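Participant: Sharing a structure, written as structure tokens. Questions coming.
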Ligand SMILES: *[C@@H]1O[C@H](CO)[C@@H](O)[C@H](O)[C@H]1NC(C)=O
Ligand SMILES: *[C@@H]1O[C@H](CO)[C@@H](O)[C@H](O)[C@H]1NC(C)=O
Ligand SMILES: *[C@@H]1O[C@H](CO)[C@@H](O)[C@H](O)[C@H]1NC(C)=O
Ligand SMILES: *[C@@H]1O[C@H](CO)[C@@H](O)[C@H](O)[C@H]1NC(C)=O
Ligand SMILES: *[C@@H]1O[C@H](CO)[C@@H](O)[C@H](O)[C@H]1NC(C)=O
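Chains as they are written, first to last, in the entry's author numbering: chain K, 1 to 104; chain D, 369 to 568; chain I, 2 to 121; chain C, 14 to 68, 77 to 242, 256 to 268.
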């Protein structure tokens with residue numbers, strides 16, 4: 001496997017701010033990228049299946065953008081209910097990368 | 369027929385406005401058959417990139433012609449599952465416009481060629497649709513027929529309807545019979561034209 | 002479809018830990034049941050995906066042969082055995098219905114994942 | 014796929030004095046008792062036309086095209102059926118096909134790999150039929166198809182009694198393929214002697230094809259092995 005990085009954990013903002021959660025990549029793939037969420041001590045879920053595809057069962061705050069070597073997640077209106085840890089999915093073997101989303 | 373029947377939802381066009389297509393005759397016209405989901409209609413249209421735009425068909429960003437789609441929840445939608453439709457989502461390179469690929473090979477995810485039967489890191493590029501009417505907006509079949517306009521070095525043979533007015537006799541008018549313009553009155557004549565000519 | 006994980010085992014080393022994910026509802030195959038390690042102190046990584054009808058054993062790096070994932074004939078329950086218990090491998094195991102090629106009913110490439118283990 | 018019929022002897026074609034034949038209406042304009050001096054691509058009066066005859078003798082050679090052909094057939098077996106022509110005919114160019122056999126007039130503007138020896142003859146000794154017709158190999162780039170009403174023709178073949186006289190002219194003017202025709206009966210002119218009569222040629226159709234043409238070739242209808263009737267053309 002080949003390694004990649006993700007956004008830093010120090011992204012703190014108030015209500016109604018845009019976040020820039022960045023997933024850095026190494027290969028040119030479109031649908032194989034994904035954004036998942038894991039609440040601490042609660043049930044996990046997904047955020048986006050790809051950059052150009054969404055899921056049924058999410059609020060419209062979570063949005064994805066970019067198609068190059070980095071993929072950016074953005075929240076239109078930040079709320080305390082989105083306290084979860086976000087992780088990025090790449091490539092065929094799926095080497096996943098660390099992530100931590102907390103507003104403080 | 370293209371303008372009316374308001375169930376034809378798509379009406380915006382790129383090259384030429386549809387109401388001005390009566391004149392400006394072309395060489396020949398073409399018709400296609402695209403059965404796609406709700407999200408894939410905008411990706412077919414030029415200027416947009418999607419999962420159907422770079423792996424199935426890459427329309428040019430500027431071309432003479434456009435698409436018209438309609439809701440087909442009662443025609444192409446079956447309660448038992450409409451599994452015949454297939455599409456390619458696994459293409460290694462980009463797409464040139466105006467060609468078809470009917471390859472029945474296998475797609476690999478690793479560096480080595482996988483081949484054989486499918487499984488992990490070895491996927492068939494052709495994936496089957498399912499178009500039951502119980503699904504919501506975004507998966508219903510919208511049939512897309514794109515038209516082609518070209519001005520190749522041949523005499524034009526595809527045209528529109530021709531405007532013919534009533535016949536006025538013994539009055540000073542401006543006749544335009546078969547593109548022959550003129551001025552005068554029109555009277556009944558005793559002349560015997562052969563059927564092989566139109567002017568005297 | 003909903004995935005329910007079995008309980009944990011003894012923390013002491015020298016033994017093999019066994020886990021099982023039961024996929025209640027939606028008896029479907031060729032969707033690989035991806036196992037992933039979740040912990041607050043470490044990141045996630047792919048441990049393996051089991052397919053009922055094919056049964057391929059494509060794994061990731063650094064744990065080839067330490068883990069064995071198998072299943073029944075179709076959907077049902079999926080077993081995972083891990084030997085050589087240690088201190089840095091402790092996490093919670095999550096089984097997910099990851100999107101991919103299906104050779105069964107052939108209806109959705111992206112069916113939608115709505116199944117997760119309770120967490121043991 | 015074609016069969017090399019071969020066994021073709023080398024008889025040079027004859028020469029005939031075209032006295033007053035080869036006149037057509039140059040435009041679709043009606044005129045009453047006037048005289049019109051036009052400047053157009055015509056056939057000269059009292060010219061040297063090339064004479065082919067088919068009896077034993079297989080005459081179907083390659084002839085060059087230069088913006089107008091006057092084809093005059095005197096026959097009763099009606100072995101002449103169409104014209105297949107183009108430039109190279111090797112599926113690298115546009116090829117034109119005018120075939121009227123029984124009930125269709127096929128105008129084909131397509132891409133054909135044509136054979137070096139092409140005809141709609143010869144099957145079951147001399148039994149006229151519809152076999153060995155696919156002289157073109159296959160169609161790849163077809164640009165135009167047209168089906169039109171058949172002309173007044175004959176059935177099978179017979180030797181002698183040369184009543185039917187067909188006159189055609191073909192031209193390729195600024196893309197349009199223009200043909201003009203005159204089919205006159207009861208011309209009792211069996212022993213050769215291209216008649217000294219005046220009759221203008223009237224248009225039939227006009228094809229919007231739009232290519233350039235270098236050489237042309239006619240057609241006639256066990257690829258080698260048939261007995262044909264007496265027929266002549268110029
Ligand atoms: C005759 O034979 C040659 C070579 O054997 C071939 O190239 C040619 O096409 C044949 N002619 C016909 C009319 O089949
Ligand atoms: C033209 O025809 C005449 C008779 O009609 C003939 O004598 C003459 O040889 C012909 N010209 C040529 C070049 O053969
Ligand atoms: C002429 O061509 C048409 C085209 O389909 C065909 O239907 C018809 O049978 C043909 N006539 C014949 C072979 O006599
Ligand atoms: C020529 O072909 C016809 C067609 O069946 C046949 O009846 C006839 O006997 C053939 N001629 C000879 C000499 O065999
Ligand atoms: C068929 O011939 C025309 C004539 O130039 C050409 O423009 C066209 O590209 C050809 N078709 C194909 C598929 O190449």
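Idealized CB from N, CA, C, for every residue including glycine.
1) Grouping DSSP H, G and I as helix and E and B as strand, with all else coil, what is residue 38 of chain K?
2) Is residue 39 of chain I helix, strand or coil when you go by DSSP?
3) Would you check whether ligand 3 has a heavy atom nearer than 7 Å to the C-beta of residue 123 of chain C?
4) Quick check: does the Cβ of residue 17 of chain C come within less than 7 Å of any heavy atom belonging to ligand 1?
5) Identify every residue that forms a DSSP beta bridge with residue 229 of chain C.
6) How about residue 231 of chain C: is its C-beta nearer than 8 Å to some C-beta of chain D?
7) Closer than 8 Å by beta-carbon distance: list the chain I residues that pair up with residue 96 of chain K, in chain order.
8) Can you list, in chain order, the residues of the region 17–42 of chain C whose Cβ is nearer than 9 Å to any Cβ on chain D?
9) For residue 114 of chain I, count neighbouring C-beta atoms within 10 Å of its own C-beta (all shown protein chains included) and say buried if the count is 16 or more, exposed if not.
10) How should residue 9 of chain I be labelled, buried or exposed, when 16 other C-beta atoms within 10 angstroms of its C-beta is the threshold for buried?
11) Starting from the C-beta of residue 449 of chain D, find all residues in its chain whose C-beta is less than 7 Å away, skip the five residues before and the five after it, and write them out in chain order.
12) Let me know if residue 411 of chain D comes out buried or exposed under the rule of 16 or more other beta-carbons within 10 Å of its beta-carbon.
13) Considering Cα atoms alone, identify which of C:141, C:131, C:112, C:133 is closest to residue 123 of chain C.
14) Closer than 8 Å by C-beta to residue 414 of chain D: which residues in its own chain qualify, once you throw out the five before and the five after it? Chain order, please.
15) Measuring from the CB of residue 137 of chain C, is there a heavy atom of ligand 2 at a distance below 7 Å?
16) Residue 6 of chain I lies in the beta strand (DSSP E); which residues open and close that run?
17) If you check the beta carbons only, do residue 169 of chain C and residue 226 of chain C fall under 8 Å apart?
18) Please tell me whether residue 116 of chain I has its Cβ less than 8 Å away from any Cβ of chain K.
19) Where do the ends of the beta strand (DSSP E) carrying residue 82 of chain I lie?
20) Can you tell me which of the three DSSP states residue 18 of chain K falls into?
21) Taking any heavy atom of ligand 4 as the mark, which residues have a C-beta closer than 7 Å to it, listed down the chain?
22) Please list the residues of the region 33–60 of chain K that have a C-beta atom closer than 9 Å to any C-beta atom in chain D, keeping them in chain order.
23) Taking DSSP as the reference, what is the three-state secondary structure of residue 87 of chain I?
24) Mind checking if residue 112 of chain I is an interface residue toward chain D, Cβ cutoff 8 Å exclusive?
25) Between residue 224 of chain C and chain D, is any beta-carbon pair separated by less than 8 Å?
26) What is the rounded straight-line gap between the Cα of residue 134 of chain C and the Cα of residue 193 of chain C?
27) Is residue 164 of chain C near ligand 5, judged by its Cβ being under 7 Å from some heavy atom?
28) Kindly say whether residue 61 of chain I, judged by its beta-carbon, lies nearer than 8 Å to any beta-carbon of chain K.
29) Could you name the residues of the region 78–90 of chain K whose beta carbon sits closer than 7 Å to any beta carbon of chain I, in the order they occur along the chain?
30) If you drop the 5 nearest sequence neighbours on each side, which residues of the same chain put their C-beta closer than 8 Å to that of residue 52 of chain C?
31) Could you tell me whether the Cβ of residue 100 of chain I comes closer than 8 Å to any Cβ of chain K?
32) Quick test of the definition: if touching needs 3 or more C-beta pairs under 8 Å, does the region 19–34 of chain C touch the region 161–175 of chain C?
33) Cβ closer than 7 Å: which chain I residues qualify as neighbours of residue 93 of chain K?
34) Quick check: is any heavy atom of ligand 3 less than 7 Å from the C-beta of residue 151 of chain C?
35) Chain K partners of residue 14 of chain I, CB-CB under 8 Å?
36) With a threshold of 7 Å (Cβ to nearest heavy atom), would residue 120 of chain C be considered close to ligand 3?
Facilitator: A quick look at the data gives this:
1) Three-state result, residue 38 of chain K: strand.
2) strand
3) yes
4) It does: the Cβ of residue 17 of chain C is within 7 Å (strictly closer) of some heavy atom of ligand 1.
5) C:197
6) yes
7) 37, 44, 45, 46, 47
8) If the cut-off is 9 Å between Cβ atoms, the region 17–42 of chain C has 38, 40, 41, 42 near chain D.
9) buried
10) exposed
11) Excluding five sequence positions before and after residue 449 of chain D, the CB atoms of its chain that fall closer than 7 Å to its own CB belong to 498, 500, given in chain order.
12) buried
13) Taking only the C-alpha atoms, the option nearest residue 123 of chain C is C:141.
14) 382, 427, 428, 429, 430, 431
15) no
16) For residue 6 of chain I, the enclosing beta strand (DSSP E) begins and ends at 3–6.
17) In this structure, residue 169 of chain C lies near residue 226 of chain C, with their beta-carbon atoms less than 8 Å apart.
18) no
19) Following the DSSP letters along the chain, one finds residue 82 of chain I inside the beta strand (DSSP E) bounded by residues 78–83.
20) Of the three classes helix, strand and coil, the one that applies to residue 18 of chain K here is coil, per DSSP.
21) C:145, C:146, C:148
22) 50, 52, 53, 56
23) In this structure, residue 87 of chain I counts as coil in the three-state DSSP scheme.
24) no
25) yes
26) CA-CA distance, residue 134 of chain C to residue 193 of chain C, rounds to 22 Å.
27) yes
28) So yes, residue 61 of chain I belongs to the interface.
29) For the region 78–90 of chain K, which is checked against every Cβ of chain I, the residues closer than 7 Å are 87.
30) Once the five neighbours on either side are set aside, residue 52 of chain C has no close Cβ partner at all.
31) yes
32) no
33) 47, 61
34) yes
35) None at all; the shortest Cβ gap to chain K is about 26 Å.
36) no
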